[PDB]
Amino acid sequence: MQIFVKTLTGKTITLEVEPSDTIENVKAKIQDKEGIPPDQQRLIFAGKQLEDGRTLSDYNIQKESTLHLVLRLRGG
């Protein structure tokens, strides 16, 4: 399924993912596209921050859902 990620500049990228993918997996995908290591990423959906160990489906993230990427400020 396709989901969208709003990047640090407001631009939106498209990713192919699976409902069973973990948030950690998604962060790796974002690293590949954006060059931000997972430990520096905060991912936000529906106004809340997602935790690593959950699956996308655990958060009810569906086709064409949008996540927001935020850079951690206090380091890794």
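For every residue, the number given is its place in the sequence shown, counted from 1. If you superpose the two forms and keep the largest set of C-alpha atoms that fall within 1.5 Å, you have the rigid core.
- The higher RMS C-alpha distance to the shown form in 4 other deposited structures of this protein, out of 42 to 50 and 22 to 30, belongs to 42 to 50, with every structure fitted on the core.
- Stretches 8 to 16 and 53 to 61 differ in mean C-alpha B factor, with the higher average recorded for 8 to 16.
- Ranking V26, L43, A46, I36 by the C-alpha B-factor listed in the PDB entry places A46 at the top.
- Placement of the Cα temperature factor of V70 within the chain: lowest third of the modelled residues, per the deposited record.
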